Amino acid sequence: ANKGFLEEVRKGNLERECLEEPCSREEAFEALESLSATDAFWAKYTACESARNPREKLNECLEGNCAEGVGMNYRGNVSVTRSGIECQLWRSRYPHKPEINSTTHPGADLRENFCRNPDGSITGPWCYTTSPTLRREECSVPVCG
Ligand SMILES: [Ca+2]
Ligand SMILES: [Ca+2]
Ligand SMILES: [Ca+2]
Ligand SMILES: [Ca+2]
Ligand SMILES: [Ca+2]
Ligand SMILES: [Ca+2]
Ligand SMILES: [Ca+2]
């Protein structure tokens, strides 16, 4: 958090600096190296802001197996919709040409065809469907708690 007497003369650390105290993106960055793991982190971190405490509650929401809030933290391997319709590869461009994708929203983990919520749609984790008629649709993922 940048709060002592000479903390920044030391090697940045993730537990100390961000998981034990709140942090700036620069502090996380400084403790990660890869900008890529920082994008990944910062994303699953900012989405867990309302689950800081307890910290077992923080470890839950950062793990991504449960949707917390609107499920922007969700990083699970569920890929079928609310209706049962399978999801379109995020990287596929057919049947629907996704406007949301890895270059656009790099912290999210648009892998395979797994439900996500890169955007924080109020209906939660979604994905694009394979049905030509239904572009996107919410998915049923276990809620943090
Ligand atoms: Ca600190
Ligand atoms: Ca610091
Ligand atoms: Ca630091
Ligand atoms: Ca600790
Ligand atoms: Ca501390
Ligand atoms: Ca710096
Ligand atoms: Ca610093």
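All residue numbers given for chain A refer to Swiss-Prot; the residues shown span 44-188 in order.
Header lists the method as X-ray crystallography, 2.2 Å.
Positions of Cβ are set from backbone N, Cα and C atoms, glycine also.
Pulled from Swiss-Prot, these are the features on record:
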- 44-90: domain 'Gla' (DOMAIN)
- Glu50: 4-carboxyglutamate (MOD_RES)
- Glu51: 4-carboxyglutamate (MOD_RES)
- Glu58: 4-carboxyglutamate (MOD_RES)
- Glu60: 4-carboxyglutamate (MOD_RES)
- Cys61-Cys66: disulfide bond (DISULFID)
- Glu63: 4-carboxyglutamate (MOD_RES)
- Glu64: 4-carboxyglutamate (MOD_RES)
- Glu69: 4-carboxyglutamate (MOD_RES)
- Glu70: 4-carboxyglutamate (MOD_RES)
- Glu73: 4-carboxyglutamate (MOD_RES)
- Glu76: 4-carboxyglutamate (MOD_RES)
- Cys91-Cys104: disulfide bond (DISULFID)
- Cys109-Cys187: disulfide bond (DISULFID)
- 109-187: domain 'Kringle 1' (DOMAIN)
- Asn120: N-linked glycosylation site (CARBOHYD)
- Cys130-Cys170: disulfide bond (DISULFID)
- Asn144: N-linked glycosylation site (CARBOHYD)
- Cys158-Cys182: disulfide bond (DISULFID)
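Cβ-based crowding with a 10 Å cutoff singles out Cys182 as the top-ranked of the disulfide-bonded residues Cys91, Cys182. Nearest neighbour of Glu69 (4-carboxyglutamate) by Cα distance, taken over the recorded positions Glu50, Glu63, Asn144: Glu50. For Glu51 (4-carboxyglutamate), the nearest of the recorded positions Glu60, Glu63, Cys91, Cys130 in terms of C-alpha separation is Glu60.
For the pair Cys187 (disulfide bond) and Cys170 (disulfide bond), the Cα-Cα distance reads 20 Å. When the recorded positions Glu50, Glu64, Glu76, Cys109 are screened for a Cα within 10 A of the Cα of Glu58 (4-carboxyglutamate), the ones that qualify are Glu64. Each residue of the domain 'Kringle 1' (109-187) gets a DSSP state, and the totals for helix, strand and coil are 0 helix, 14 strand, 65 coil. Local packing around the modified residues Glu50, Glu51, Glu63, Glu70 was summarised as the count of other Cβ atoms within 10 Å of each Cβ; on this measure the leading residue is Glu70. Most Cβ neighbours within 10 Å, among the modified residues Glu58, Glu64: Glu64 holds that distinction in the structure as shown. In this structure, of the disulfide-bonded residues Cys66, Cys109, the smallest number of CB atoms within 10 A of the CB marks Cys109.
The Cβ of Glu76 (4-carboxyglutamate) lies under 8 Å from no Cβ of any same-chain residue at least six residues away in sequence. Within 10 Å of the C-beta of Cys187 (disulfide bond) there are 20 other C-beta atoms, taking all protein chains into account.
Cβ crowding, taken as the number of other Cβ atoms within 10 Å, peaks at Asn144 among the glycosylation sites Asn120, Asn144.
Rounded to a whole number, the distance between the Cα atoms of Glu64 (4-carboxyglutamate) and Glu70 (4-carboxyglutamate) is 11 Å.
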